[PDB]
Amino acid sequence: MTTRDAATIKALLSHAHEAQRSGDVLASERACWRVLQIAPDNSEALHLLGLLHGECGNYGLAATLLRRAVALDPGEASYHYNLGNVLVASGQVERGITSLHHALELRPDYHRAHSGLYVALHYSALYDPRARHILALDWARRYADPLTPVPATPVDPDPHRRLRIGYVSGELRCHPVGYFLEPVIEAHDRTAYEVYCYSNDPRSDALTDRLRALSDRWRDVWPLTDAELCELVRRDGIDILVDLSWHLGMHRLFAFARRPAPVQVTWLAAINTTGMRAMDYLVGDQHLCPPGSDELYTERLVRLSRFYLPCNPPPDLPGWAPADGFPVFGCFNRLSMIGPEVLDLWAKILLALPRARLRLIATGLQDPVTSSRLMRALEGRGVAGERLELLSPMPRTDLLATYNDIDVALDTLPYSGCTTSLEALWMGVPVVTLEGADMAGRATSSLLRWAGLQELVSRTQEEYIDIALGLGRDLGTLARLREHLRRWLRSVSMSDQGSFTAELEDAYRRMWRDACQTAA
Ligand SMILES: O=c1ccn([C@@H]2O[C@H](COP(=O)(O)OP(=O)(O)O)[C@@H](O)[C@H]2O)c(=O)[nH]1
């Protein structure tokens, strides 16, 4: 006789895939375990448990589930793809890049692995701006530019009429994207603009409920094809469509590829070009996007004369403590951003201030394997591993509150942080950064320059060290900077929401004028 197993597995395996596509993680996981109880060499279920734990941040389990899936079926490109992403996210950038290469070698038309690879390069100093640029263009040429028509003249090209703005993202939720979009959506001038949001992910938390309520129109987009989304955007009559996700998120750039709107913009998540002809504008700022940078972008750079994001803090802000070995340095950035280049500098700072402690908080630090590897990485640079204190990730306000126990924040290179740096300043903690010759290494350099704190902005790695040393020694400059931030916080709490979105609206208007104008 034979067994009904194969049928039971298949029903569990499709149920598991539905559960994960709809957002129900705990249900997809338990179904994957049920498959492995019956058939523990099932590489499809190993793989899916791999993804889910990778999304949850358990990179230790994730990686070994995905490596076992690779061993059982090494020809399957998607198993290599997802292993590469886990490895990059865990801090092992070069090992992940290799895995991403394998996925492309096995399936040369893998558009998600090609993006992932493009993204991954920004976490490594080994790939210059020319290499990243080329790979992006290569992607666009393959998957985007074939779909793109020539720019048509806008419908009802009235330079002064009320404009419809469409925000397209798959991280409209408790997430940097959602955090910076909320103020913009609330403060948009309804006399001159109308706000459509296109949510490209099913996860709907308290912030999505707020974004939905603040939007004029909503639209849940994840179940639609790119062609279906295009005919939806066209029917809504969107004048300016905005890519909030970029290559880093659950984007919808093949819908953008077709030019459903006459003005198409990438903003907020972008750290480099999309590579696409179909993207007209990228919205940055004057410090963020350096003078000779434009040749690196298919989009036209829009250098706003303020910081490229709204800096007003949330209402539920923990509020500052009276302060409290000194000094405690801090870096609450993703592990992908903490590689060999940064660790070399952080070690040199810790040798020169032999009592100072470094405090990292990120996803993956719950696993002993990844915290051990980080401790050992520092000991190899002559720094005792006990001086390094690693913490598992926390809720937003709980994390904000732990800045009270930090004297100075350190920013990553070559991929500069952004929202962690802003969060630090909100809690009266100064941030030391390197200004890279590169948009991806300038999110903090810009922020700091626009907030008056140019003295915390190094142009060289040895200057980075010196600034961090200077702050660890002098209590006075710390108390000066803590007050500068107290005044800045209040100023930004009051004006910055409306001040920013007016400057952005000014940019949207000039994009629109120019679209109508050149039809004459
Ligand atoms: O343990 C953590 C770490 C981060 N975050 C939040 O998620 C964001 C992720 O920032 P990231 O680590 O990607 O660095 P960034 O790119 O903002 O510099 C932060 O701003 C925090 O608000 C959190 O809730 N818990």
# chains A, B, ... in the order shown; residues from 1 in each chain; ligands from 1
call {"tool": "residues_around", "arguments": {"residues": "segment 24-26 of chain A", "least_positions_apart": "2", "cutoff": "10 Å", "atoms": "only C-alpha atoms", "output": "PDB file with N, CA, C and O atoms, in the first residue's frame"}}
result
ATOM      1  N   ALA A  16      -0.187  27.270   3.825  1.00  0.00           N
ATOM      2  CA  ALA A  16       0.938  28.016   4.380  1.00  0.00           C
ATOM      3  C   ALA A  16       1.302  29.217   3.516  1.00  0.00           C
ATOM      4  O   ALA A  16       1.578  30.292   4.043  1.00  0.00           O
ATOM      5  N   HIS A  17       1.305  29.025   2.199  1.00  0.00           N
ATOM      6  CA  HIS A  17       1.571  30.116   1.252  1.00  0.00           C
ATOM      7  C   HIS A  17       0.481  31.206   1.239  1.00  0.00           C
ATOM      8  O   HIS A  17       0.794  32.385   1.065  1.00  0.00           O
ATOM      9  N   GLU A  18      -0.784  30.811   1.389  1.00  0.00           N
ATOM     10  CA  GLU A  18      -1.890  31.779   1.512  1.00  0.00           C
ATOM     11  C   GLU A  18      -1.744  32.598   2.789  1.00  0.00           C
ATOM     12  O   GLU A  18      -1.810  33.832   2.755  1.00  0.00           O
ATOM     13  N   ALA A  19      -1.547  31.887   3.901  1.00  0.00           N
ATOM     14  CA  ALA A  19      -1.374  32.494   5.223  1.00  0.00           C
ATOM     15  C   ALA A  19      -0.273  33.561   5.263  1.00  0.00           C
ATOM     16  O   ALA A  19      -0.448  34.604   5.894  1.00  0.00           O
ATOM     17  N   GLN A  20       0.844  33.304   4.584  1.00  0.00           N
ATOM     18  CA  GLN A  20       1.955  34.262   4.549  1.00  0.00           C
ATOM     19  C   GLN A  20       1.677  35.429   3.586  1.00  0.00           C
ATOM     20  O   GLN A  20       2.037  36.568   3.891  1.00  0.00           O
ATOM     21  N   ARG A  21       1.022  35.159   2.453  1.00  0.00           N
ATOM     22  CA  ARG A  21       0.619  36.229   1.523  1.00  0.00           C
ATOM     23  C   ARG A  21      -0.433  37.169   2.113  1.00  0.00           C
ATOM     24  O   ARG A  21      -0.414  38.359   1.807  1.00  0.00           O
ATOM     25  N   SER A  22      -1.343  36.639   2.935  1.00  0.00           N
ATOM     26  CA  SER A  22      -2.349  37.468   3.625  1.00  0.00           C
ATOM     27  C   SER A  22      -1.821  38.198   4.874  1.00  0.00           C
ATOM     28  O   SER A  22      -2.507  39.081   5.384  1.00  0.00           O
ATOM     29  N   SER A  28       1.126  30.418   9.164  1.00  0.00           N
ATOM     30  CA  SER A  28       1.999  29.859   8.119  1.00  0.00           C
ATOM     31  C   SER A  28       3.129  29.023   8.728  1.00  0.00           C
ATOM     32  O   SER A  28       3.435  27.938   8.235  1.00  0.00           O
ATOM     33  N   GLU A  29       3.735  29.541   9.796  1.00  0.00           N
ATOM     34  CA  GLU A  29       4.766  28.823  10.549  1.00  0.00           C
ATOM     35  C   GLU A  29       4.269  27.460  11.033  1.00  0.00           C
ATOM     36  O   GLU A  29       4.916  26.447  10.791  1.00  0.00           O
ATOM     37  N   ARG A  30       3.131  27.433  11.725  1.00  0.00           N
ATOM     38  CA  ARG A  30       2.667  26.185  12.352  1.00  0.00           C
ATOM     39  C   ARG A  30       2.296  25.129  11.295  1.00  0.00           C
ATOM     40  O   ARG A  30       2.468  23.925  11.524  1.00  0.00           O
ATOM     41  N   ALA A  31       1.817  25.590  10.141  1.00  0.00           N
ATOM     42  CA  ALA A  31       1.559  24.720   8.990  1.00  0.00           C
ATOM     43  C   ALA A  31       2.852  24.155   8.390  1.00  0.00           C
ATOM     44  O   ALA A  31       2.900  22.986   8.010  1.00  0.00           O
ATOM     45  N   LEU A  49       9.646  28.529   6.205  1.00  0.00           N
ATOM     46  CA  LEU A  49      10.076  28.808   7.587  1.00  0.00           C
ATOM     47  C   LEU A  49      11.324  29.691   7.646  1.00  0.00           C
ATOM     48  O   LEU A  49      11.453  30.524   8.536  1.00  0.00           O
ATOM     49  N   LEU A  52      10.070  33.396   6.884  1.00  0.00           N
ATOM     50  CA  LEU A  52       9.221  33.935   7.931  1.00  0.00           C
ATOM     51  C   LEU A  52      10.042  34.373   9.122  1.00  0.00           C
ATOM     52  O   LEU A  52       9.864  35.476   9.623  1.00  0.00           O
ATOM     53  N   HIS A  53      10.950  33.507   9.556  1.00  0.00           N
ATOM     54  CA  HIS A  53      11.892  33.842  10.624  1.00  0.00           C
ATOM     55  C   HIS A  53      12.885  34.938  10.219  1.00  0.00           C
ATOM     56  O   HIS A  53      13.308  35.726  11.063  1.00  0.00           O
ATOM     57  N   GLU A  55      12.004  37.449   8.149  1.00  0.00           N
ATOM     58  CA  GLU A  55      11.164  38.645   8.336  1.00  0.00           C
ATOM     59  C   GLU A  55      11.007  38.987   9.821  1.00  0.00           C
ATOM     60  O   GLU A  55      11.065  40.156  10.183  1.00  0.00           O
ATOM     61  N   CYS A  56      10.830  37.971  10.672  1.00  0.00           N
ATOM     62  CA  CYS A  56      10.760  38.168  12.136  1.00  0.00           C
ATOM     63  C   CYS A  56      12.091  38.581  12.793  1.00  0.00           C
ATOM     64  O   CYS A  56      12.084  38.998  13.942  1.00  0.00           O
ATOM     65  N   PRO A 202      -0.531  43.801   2.937  1.00  0.00           N
ATOM     66  CA  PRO A 202      -1.748  43.631   3.746  1.00  0.00           C
ATOM     67  C   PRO A 202      -1.655  44.055   5.215  1.00  0.00           C
ATOM     68  O   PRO A 202      -2.690  44.335   5.815  1.00  0.00           O
ATOM     69  N   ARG A 203      -0.456  44.077   5.797  1.00  0.00           N
ATOM     70  CA  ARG A 203      -0.308  44.460   7.205  1.00  0.00           C
ATOM     71  C   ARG A 203      -0.930  45.837   7.461  1.00  0.00           C
ATOM     72  O   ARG A 203      -0.549  46.835   6.840  1.00  0.00           O
TER      73      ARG A 203
END
call {"tool": "residues_around", "arguments": {"residues": "residue 153 of chain A", "least_positions_apart": "2", "cutoff": "12 Å", "atoms": "only C-alpha atoms", "output": "PyMOL selection string"}}
result
chain A and resi 149-151+155-158+239+259+261-263+512-520
call {"tool": "closest_atom_pairs", "arguments": {"of": "chain A", "to": "ligand 1", "cutoff": "7 Å", "atoms": "only C-alpha atoms and all ligand atoms", "output": "tab-separated table"}}
result
residue	atom	partner	partner_atom_place_in_ligand_line	distance
A:175	CA	ligand 1	7 (O)	6.2
A:176	CA	ligand 1	8 (C)	6.0
A:332	CA	ligand 1	12 (O)	6.0
A:333	CA	ligand 1	12 (O)	3.8
A:334	CA	ligand 1	12 (O)	4.0
A:361	CA	ligand 1	1 (O)	5.4
A:362	CA	ligand 1	1 (O)	4.5
A:363	CA	ligand 1	1 (O)	5.9
A:392	CA	ligand 1	1 (O)	6.5
A:393	CA	ligand 1	1 (O)	3.2
A:394	CA	ligand 1	25 (N)	4.4
A:395	CA	ligand 1	24 (O)	4.7
A:396	CA	ligand 1	24 (O)	4.1
A:399	CA	ligand 1	25 (N)	6.0
A:416	CA	ligand 1	18 (O)	6.6
A:417	CA	ligand 1	18 (O)	3.0
A:418	CA	ligand 1	18 (O)	4.0
A:419	CA	ligand 1	17 (O)	3.6
A:420	CA	ligand 1	20 (O)	4.3
A:421	CA	ligand 1	18 (O)	6.1
A:423	CA	ligand 1	20 (O)	6.6
call {"tool": "write_last_selection", "arguments": {"atoms": "N, CA, C and O atoms", "output": "CSV table (one decimal), in the first residue's frame"}}
result
chain,number,residue,atom,x,y,z
A,175,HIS,N,6.6,52.0,10.5
A,175,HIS,CA,7.8,51.8,9.7
A,175,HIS,C,8.3,53.2,9.2
A,175,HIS,O,7.4,54.0,8.9
A,176,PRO,N,9.6,53.4,9.1
A,176,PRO,CA,10.1,54.7,8.7
A,176,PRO,C,9.3,55.4,7.6
A,176,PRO,O,9.0,56.6,7.8
A,332,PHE,N,22.0,52.5,17.2
A,332,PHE,CA,20.8,51.7,17.1
A,332,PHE,C,20.3,51.4,15.7
A,332,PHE,O,19.1,51.3,15.3
A,333,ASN,N,21.3,51.2,14.8
A,333,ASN,CA,21.1,50.9,13.4
A,333,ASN,C,21.1,49.4,13.1
A,333,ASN,O,21.7,48.5,13.8
A,334,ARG,N,20.4,49.0,12.0
A,334,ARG,CA,20.4,47.7,11.4
A,334,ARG,C,21.8,47.1,11.2
A,334,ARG,O,22.7,47.8,10.9
A,361,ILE,N,21.7,48.3,19.5
A,361,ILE,CA,20.3,47.7,19.6
A,361,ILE,C,19.8,47.5,18.2
A,361,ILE,O,19.7,48.5,17.4
A,362,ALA,N,19.5,46.3,17.8
A,362,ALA,CA,19.1,45.9,16.5
A,362,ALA,C,18.5,44.5,16.4
A,362,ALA,O,18.6,43.8,17.4
A,363,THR,N,17.8,44.2,15.3
A,363,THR,CA,17.2,42.9,15.1
A,363,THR,C,18.3,41.9,14.8
A,363,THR,O,19.2,42.3,14.0
A,392,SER,N,18.5,43.0,22.4
A,392,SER,CA,17.4,42.6,21.5
A,392,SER,C,16.5,43.8,21.2
A,392,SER,O,16.4,44.7,22.0
A,393,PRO,N,15.8,43.8,20.1
A,393,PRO,CA,15.0,45.0,19.7
A,393,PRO,C,13.8,45.2,20.5
A,393,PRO,O,13.2,44.3,21.2
A,394,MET,N,13.3,46.5,20.6
A,394,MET,CA,12.2,46.9,21.4
A,394,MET,C,11.1,47.7,20.7
A,394,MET,O,11.4,48.2,19.6
A,395,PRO,N,10.0,47.9,21.3
A,395,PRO,CA,9.0,48.9,20.8
A,395,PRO,C,9.6,50.3,20.7
A,395,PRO,O,10.6,50.6,21.2
A,396,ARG,N,8.9,51.1,19.8
A,396,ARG,CA,9.4,52.4,19.4
A,396,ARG,C,9.7,53.4,20.6
A,396,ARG,O,10.9,53.8,20.7
A,399,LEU,N,12.6,52.2,22.9
A,399,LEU,CA,13.9,52.5,22.2
A,399,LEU,C,14.3,53.9,22.4
A,399,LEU,O,15.4,54.2,22.7
A,416,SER,N,24.8,55.5,5.6
A,416,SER,CA,24.4,56.4,6.8
A,416,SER,C,23.0,56.1,7.2
A,416,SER,O,22.1,55.9,6.3
A,417,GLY,N,22.8,56.1,8.5
A,417,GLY,CA,21.4,56.0,9.1
A,417,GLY,C,20.6,57.3,8.8
A,417,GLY,O,21.1,58.2,8.2
A,418,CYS,N,19.4,57.2,9.2
A,418,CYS,CA,18.5,58.4,8.9
A,418,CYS,C,17.5,58.5,10.1
A,418,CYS,O,17.6,59.5,10.8
A,419,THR,N,16.6,57.6,10.2
A,419,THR,CA,15.6,57.8,11.2
A,419,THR,C,16.1,57.5,12.6
A,419,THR,O,15.7,58.2,13.6
A,420,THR,N,17.1,56.7,12.8
A,420,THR,CA,17.8,56.5,14.1
A,420,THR,C,18.5,57.7,14.5
A,420,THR,O,18.5,58.1,15.7
A,421,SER,N,19.2,58.4,13.5
A,421,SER,CA,19.8,59.6,13.8
A,421,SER,C,18.9,60.7,14.2
A,421,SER,O,19.1,61.5,15.2
A,423,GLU,N,15.9,60.2,15.5
A,423,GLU,CA,15.4,59.8,16.8
A,423,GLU,C,16.3,60.1,18.0
A,423,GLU,O,15.9,60.5,19.0
call {"tool": "atom_distance", "arguments": {"atom1": "atom CA of residue 358 of chain A", "atom2": "atom CA of residue 454 of chain A"}}
result
23.3 Å
call {"tool": "closest_atom_pairs", "arguments": {"of": "segment 410-443 of chain A", "to": "segment 119-139 of chain A", "cutoff": "12 Å", "atoms": "only C-alpha atoms", "output": "CSV"}}
result
residue,atom,partner,partner_atom,distance
A:412,CA,A:123,CA,9.7
A:413,CA,A:123,CA,8.0
A:414,CA,A:125,CA,6.3
A:415,CA,A:123,CA,5.7
A:416,CA,A:123,CA,9.4
A:417,CA,A:123,CA,11.3
A:436,CA,A:125,CA,10.9
A:437,CA,A:129,CA,9.2
A:438,CA,A:129,CA,7.5
A:439,CA,A:129,CA,9.8
A:440,CA,A:122,CA,7.1
A:441,CA,A:122,CA,8.9
call {"tool": "atom_distance", "arguments": {"atom1": "atom CA of residue 92 of chain A", "atom2": "atom CA of residue 80 of chain A"}}
result
14.5 Å
call {"tool": "atom_distance", "arguments": {"atom1": "atom CA of residue 302 of chain A", "atom2": "atom CA of residue 231 of chain A"}}
result
27.9 Å
call {"tool": "decode", "arguments": {"residues": "segment 252-297 of chain A", "atoms": "N, CA and C atoms", "output": "JSON list (two decimals), in the first residue's frame"}}
result
[["chain", "number", "residue", "atom", "x", "y", "z"],
["A", 252, "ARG", "N", 6.32, 49.05, -6.39],
["A", 252, "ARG", "CA", 5.44, 48.75, -7.50],
["A", 252, "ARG", "C", 5.92, 49.49, -8.75],
["A", 253, "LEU", "N", 7.20, 49.30, -9.06],
["A", 253, "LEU", "CA", 7.92, 50.08, -10.04],
["A", 253, "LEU", "C", 7.61, 49.66, -11.46],
["A", 254, "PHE", "N", 7.07, 48.46, -11.65],
["A", 254, "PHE", "CA", 6.64, 48.04, -12.99],
["A", 254, "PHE", "C", 5.30, 48.67, -13.37],
["A", 255, "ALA", "N", 4.49, 49.03, -12.38],
["A", 255, "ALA", "CA", 3.37, 49.92, -12.63],
["A", 255, "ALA", "C", 3.89, 51.31, -13.04],
["A", 256, "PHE", "N", 4.86, 51.85, -12.29],
["A", 256, "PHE", "CA", 5.53, 53.12, -12.67],
["A", 256, "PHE", "C", 6.17, 53.04, -14.04],
["A", 257, "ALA", "N", 6.69, 51.87, -14.39],
["A", 257, "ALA", "CA", 7.38, 51.67, -15.65],
["A", 257, "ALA", "C", 6.51, 52.03, -16.86],
["A", 258, "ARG", "N", 5.20, 51.84, -16.74],
["A", 258, "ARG", "CA", 4.25, 52.11, -17.83],
["A", 258, "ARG", "C", 3.82, 53.58, -17.98],
["A", 259, "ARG", "N", 4.30, 54.47, -17.11],
["A", 259, "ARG", "CA", 3.89, 55.89, -17.06],
["A", 259, "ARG", "C", 2.37, 56.11, -16.93],
["A", 260, "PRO", "N", 1.73, 55.53, -15.89],
["A", 260, "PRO", "CA", 0.30, 55.80, -15.68],
["A", 260, "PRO", "C", -0.02, 57.25, -15.30],
["A", 261, "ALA", "N", 1.00, 57.97, -14.81],
["A", 261, "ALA", "CA", 0.89, 59.38, -14.48],
["A", 261, "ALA", "C", 1.98, 60.16, -15.22],
["A", 262, "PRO", "N", 1.68, 61.43, -15.59],
["A", 262, "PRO", "CA", 2.65, 62.29, -16.28],
["A", 262, "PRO", "C", 3.82, 62.83, -15.45],
["A", 263, "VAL", "N", 3.68, 62.82, -14.13],
["A", 263, "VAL", "CA", 4.77, 63.17, -13.22],
["A", 263, "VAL", "C", 4.96, 62.00, -12.26],
["A", 264, "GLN", "N", 6.15, 61.41, -12.29],
["A", 264, "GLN", "CA", 6.45, 60.26, -11.45],
["A", 264, "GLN", "C", 7.74, 60.51, -10.66],
["A", 265, "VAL", "N", 7.63, 60.31, -9.35],
["A", 265, "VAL", "CA", 8.61, 60.76, -8.36],
["A", 265, "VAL", "C", 8.98, 59.63, -7.40],
["A", 266, "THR", "N", 10.27, 59.52, -7.09],
["A", 266, "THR", "CA", 10.73, 58.61, -6.01],
["A", 266, "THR", "C", 11.25, 59.47, -4.84],
["A", 267, "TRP", "N", 10.80, 59.16, -3.63],
["A", 267, "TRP", "CA", 11.09, 59.98, -2.45],
["A", 267, "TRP", "C", 10.97, 59.15, -1.16],
["A", 268, "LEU", "N", 11.79, 59.50, -0.16],
["A", 268, "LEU", "CA", 11.72, 58.98, 1.22],
["A", 268, "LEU", "C", 12.61, 57.77, 1.48],
["A", 269, "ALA", "N", 12.43, 56.70, 0.72],
["A", 269, "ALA", "CA", 13.20, 55.47, 0.88],
["A", 269, "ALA", "C", 14.42, 55.44, -0.02],
["A", 270, "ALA", "N", 14.37, 56.19, -1.12],
["A", 270, "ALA", "CA", 15.44, 56.18, -2.10],
["A", 270, "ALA", "C", 16.74, 56.61, -1.45],
["A", 271, "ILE", "N", 17.76, 55.78, -1.65],
["A", 271, "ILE", "CA", 19.17, 56.11, -1.35],
["A", 271, "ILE", "C", 20.03, 56.20, -2.61],
["A", 272, "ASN", "N", 19.44, 55.90, -3.76],
["A", 272, "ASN", "CA", 20.12, 55.99, -5.05],
["A", 272, "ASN", "C", 19.06, 55.93, -6.16],
["A", 273, "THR", "N", 19.49, 56.04, -7.41],
["A", 273, "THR", "CA", 18.58, 55.97, -8.54],
["A", 273, "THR", "C", 17.82, 54.67, -8.59],
["A", 274, "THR", "N", 16.61, 54.73, -9.12],
["A", 274, "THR", "CA", 15.87, 53.53, -9.52],
["A", 274, "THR", "C", 16.47, 52.88, -10.77],
["A", 275, "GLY", "N", 17.20, 53.69, -11.56],
["A", 275, "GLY", "CA", 17.77, 53.27, -12.82],
["A", 275, "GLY", "C", 16.83, 53.46, -14.00],
["A", 276, "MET", "N", 15.58, 53.84, -13.73],
["A", 276, "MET", "CA", 14.50, 53.81, -14.72],
["A", 276, "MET", "C", 14.40, 55.10, -15.52],
["A", 277, "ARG", "N", 14.06, 54.99, -16.81],
["A", 277, "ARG", "CA", 13.63, 56.13, -17.64],
["A", 277, "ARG", "C", 12.28, 56.68, -17.16],
["A", 278, "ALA", "N", 11.37, 55.76, -16.79],
["A", 278, "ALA", "CA", 10.00, 56.11, -16.35],
["A", 278, "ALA", "C", 9.89, 56.97, -15.09],
["A", 279, "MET", "N", 10.93, 56.98, -14.25],
["A", 279, "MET", "CA", 10.94, 57.85, -13.07],
["A", 279, "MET", "C", 11.51, 59.22, -13.46],
["A", 280, "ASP", "N", 10.69, 60.25, -13.30],
["A", 280, "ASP", "CA", 11.03, 61.59, -13.78],
["A", 280, "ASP", "C", 11.88, 62.30, -12.76],
["A", 281, "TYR", "N", 11.44, 62.26, -11.50],
["A", 281, "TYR", "CA", 12.09, 62.99, -10.40],
["A", 281, "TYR", "C", 12.48, 62.12, -9.20],
["A", 282, "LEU", "N", 13.59, 62.49, -8.57],
["A", 282, "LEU", "CA", 13.95, 61.99, -7.25],
["A", 282, "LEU", "C", 14.07, 63.21, -6.33],
["A", 283, "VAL", "N", 13.28, 63.24, -5.26],
["A", 283, "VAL", "CA", 13.26, 64.38, -4.30],
["A", 283, "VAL", "C", 14.27, 64.21, -3.14],
["A", 284, "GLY", "N", 15.38, 64.95, -3.20],
["A", 284, "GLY", "CA", 16.41, 64.95, -2.16],
["A", 284, "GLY", "C", 16.54, 66.32, -1.51],
["A", 285, "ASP", "N", 17.78, 66.73, -1.25],
["A", 285, "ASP", "CA", 18.07, 68.09, -0.77],
["A", 285, "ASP", "C", 19.52, 68.49, -1.06],
["A", 286, "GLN", "N", 19.88, 69.73, -0.74],
["A", 286, "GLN", "CA", 21.14, 70.32, -1.21],
["A", 286, "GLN", "C", 22.40, 69.76, -0.57],
["A", 287, "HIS", "N", 22.28, 69.33, 0.69],
["A", 287, "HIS", "CA", 23.38, 68.63, 1.37],
["A", 287, "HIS", "C", 23.40, 67.15, 1.03],
["A", 288, "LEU", "N", 22.21, 66.56, 0.92],
["A", 288, "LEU", "CA", 22.06, 65.12, 0.64],
["A", 288, "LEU", "C", 22.57, 64.68, -0.73],
["A", 289, "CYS", "N", 22.39, 65.52, -1.75],
["A", 289, "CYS", "CA", 22.75, 65.21, -3.14],
["A", 289, "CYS", "C", 23.87, 66.16, -3.59],
["A", 290, "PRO", "N", 25.15, 65.70, -3.60],
["A", 290, "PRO", "CA", 26.27, 66.64, -3.84],
["A", 290, "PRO", "C", 26.32, 67.21, -5.26],
["A", 291, "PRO", "N", 27.04, 68.33, -5.47],
["A", 291, "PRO", "CA", 27.10, 69.05, -6.75],
["A", 291, "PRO", "C", 27.23, 68.26, -8.07],
["A", 292, "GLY", "N", 28.20, 67.35, -8.18],
["A", 292, "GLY", "CA", 28.45, 66.63, -9.45],
["A", 292, "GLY", "C", 27.79, 65.26, -9.58],
["A", 293, "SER", "N", 26.63, 65.10, -8.95],
["A", 293, "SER", "CA", 26.01, 63.79, -8.67],
["A", 293, "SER", "C", 25.01, 63.32, -9.73],
["A", 294, "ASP", "N", 24.60, 64.23, -10.62],
["A", 294, "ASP", "CA", 23.40, 64.05, -11.44],
["A", 294, "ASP", "C", 23.52, 62.97, -12.50],
["A", 295, "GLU", "N", 24.69, 62.87, -13.12],
["A", 295, "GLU", "CA", 25.00, 61.80, -14.08],
["A", 295, "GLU", "C", 24.73, 60.38, -13.54],
["A", 296, "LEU", "N", 24.81, 60.20, -12.21],
["A", 296, "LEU", "CA", 24.49, 58.92, -11.57],
["A", 296, "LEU", "C", 22.99, 58.59, -11.49],
["A", 297, "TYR", "N", 22.12, 59.51, -11.92],
["A", 297, "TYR", "CA", 20.67, 59.34, -11.77],
["A", 297, "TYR", "C", 19.94, 59.54, -13.08]]
